[PDB]
Structures are given as C-alpha cells and as structure tokens.
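Peer 1: Give the three-dimensional model of this entry:
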Amino acid sequence: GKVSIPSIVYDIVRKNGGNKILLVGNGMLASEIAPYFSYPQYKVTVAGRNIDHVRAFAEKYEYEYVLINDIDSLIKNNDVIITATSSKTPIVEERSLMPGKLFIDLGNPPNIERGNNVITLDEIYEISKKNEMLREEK
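Peer 2: Numbering: from 1, shown residues only. The relevant structure is shown in the block below.
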C-alpha cells in the first residue's frame, strides 16, 4: 500500500486506465506529481489561468500546455482531470463533471465542486495514513 501522495495519485490513475491527463496546477504539489506521468505512457496537458507560470512548469516536465478558456473543451478531450491550484471558487462546476472521466481535486480550497464523483486530497491522505499504519502492522 502506497503512502506518498503522488504515488497514490499515480496508482489511482493507473488503475483507471486513462492516458490523457489534464493537470490544472503548476505549484509544489503539481511538481510532486509530474515525475509520475511522462510521455508516451501519458499525455499530460498543463492548464492554468496564469500563462507564464503554466509555460515554465510545462517546460520543466516537457508537457503540452494551454490557457484555460472553456474548461469543458479540455475535460471533453481528456480522460483524467487533476486539479492542484488555488481558486476562490471551483474552476470546475458540477455541470462539467462528465461521465467516464476521473476527477481528482488536490486543491485548497476546492478546485472542483465537491461530491462522490470527485476524490479529494483529504481522501487521498486518508488512504495514505491507513497504509502508513497498515505497513507497520504484522
């Protein structure tokens, strides 16, 4: 059972099977996750509202990048959406949470409207803590 946050995110995405990833974020947590997703295994597009920050982050991990305009266009074209930024209100509202997509919201506060269809950083830490304890047992 994996404990590091990026290792768990990777494992969840791997089990999901999707290979097109929309990464909405370009800060420390995004930087921790990026090493786990590389072309050609994965096709990551980094998206953000601040284009110079997005570009610089994408250059480091050799990712495609885009300025967010219509987030539905981006969601339609990807299998997995991972948010890891700061937004006053969700960047992705309920009406955009299409079927057959995996949504992982690592933002604080939430980048994605909360619900059973979106797994959150707090939930991934629940997995992490349980595994951290379980691997010390027996």
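
Peer 1: Report the central residue of this structure.
Peer 2: The chain has residue 82 as the residue nearest its centroid, 1.8 Å off, counting by Cα atoms, centre = their mean.

Peer 1: Next, the buried residues of stretch 129-138.
Peer 2: Residues of stretch 129-138 classed as buried by neighbour count (16 or more other Cβ atoms under 10 Å): residue 131. Bear in mind the C-beta positions are built from the backbone N, C-alpha and C, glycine included.

Peer 1: Work out the gap between it and the centre of the chain.
Peer 2: How far stretch 129-138 lies from its chain's middle: 25 Å, per Cα atoms, centre = their mean, to the nearest Å.

Peer 1: end-to-end on it?
Peer 2: Distance across stretch 129-138, first residue to last, is 16 Å (Cα to Cα, to the nearest Å).

Peer 1: Residues contacting it, please?
Peer 2: 1-3, 8 (Cβ atoms under 8 Å, 6 or more residues apart in numbering).

Peer 1: From the residues you listed, pick the one nearest residue 50.
Peer 2: Using Cβ to Cβ, residue 8 comes nearest to residue 50 of those, at 27.2 Å.

Peer 1: what's near enough to touch the closest one?
Peer 2: With Cβ under 8 Å, 6+ apart, residue 8 has these contacts: 2, 124, 127-128, 131.

Peer 1: Pretty sure residue 123 sits in a helix.
Peer 2: Yes - under DSSP: H, G, I helix; E, B strand; the rest coil, residue 123 falls within a helix.

Peer 1: Count the neighbours of it for me.
Peer 2: 13 (other Cβ atoms under 10 Å).

Peer 1: one step back: and the residue nearest to the centre of the chain, how far from residue 4?
Peer 2: 15 Å (Cβ to Cβ, to the nearest Å).

Peer 1: same deal with residue 99?
Peer 2: 30 Å.

Peer 1: higher neighbour count, those two?
Peer 2: residue 4 (13 against 5).

Peer 1: Is the more buried one in contact with residue 124, as I believe?
Peer 2: No - counting by Cβ atoms under 8 Å, residue 4 sits too far from residue 124 to count as a contact (10.1 Å).

Peer 1: Do me a favour and get the backbone dihedrals for residue 14.
Peer 2: phi -60, psi -40 (degrees, to the nearest 10).
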